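*Asks:* Shown below is the structure under consideration.
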Amino acid sequence: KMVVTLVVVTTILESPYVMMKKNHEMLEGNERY
């Protein structure tokens with residue numbers, strides 16, 4: 001075929017600031033918290 005030619009945000013689990021979700025093991029990304 002055609003061949004070519006050549007922000008880290010840290011935190012800690014504290015209520016009510018950052019808490020675990022219900023389906024935290026069933027979801028991924030930034031929606032886990």
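Letters A, B, ... go to the chains of the structure tokens in the order shown; residues in each chain start at 1; ligands are counted from 1 in the same order.
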With a distance cut-off of 9 Å and only C-alpha atoms, select the neighbouring residues of stretch 14-23 of chain A, excluding the residue or stretch itself and same-chain residues fewer than 5 positions from it, and output the selection as a list in words.

*Replies:*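 Contacts, with the query itself left out: residues 31, 32 and 33 of chain A.
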
*Asks:* Can you spit out the residues from that selection as a PDB file, in the first residue's frame, using N, CA and C atoms?

*Replies:*
ATOM      1  N   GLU A  31     -13.513  11.155  37.497  1.00  0.00           N
ATOM      2  CA  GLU A  31     -14.828  10.995  38.101  1.00  0.00           C
ATOM      3  C   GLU A  31     -14.844   9.972  39.228  1.00  0.00           C
ATOM      4  N   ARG A  32     -13.689   9.404  39.585  1.00  0.00           N
ATOM      5  CA  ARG A  32     -13.635   8.429  40.669  1.00  0.00           C
ATOM      6  C   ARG A  32     -13.747   9.076  42.042  1.00  0.00           C
ATOM      7  N   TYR A  33     -13.574  10.389  42.135  1.00  0.00           N
ATOM      8  CA  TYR A  33     -13.662  11.103  43.397  1.00  0.00           C
ATOM      9  C   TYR A  33     -14.751  12.165  43.316  1.00  0.00           C
TER      10      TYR A  33
END

*Asks:* Grab the atom CA of residue A:10 to atom CA of residue A:29 distance for me, in Å with one decimal place.

*Replies:*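 Between atom CA of residue A:10 and atom CA of residue A:29 the gap is 14.2 Å.
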
*Asks:* So which bits of chain A end up helix (DSSP H, G or I) when you DSSP the backbone, as number ranges by chain?

*Replies:* A: 29-32
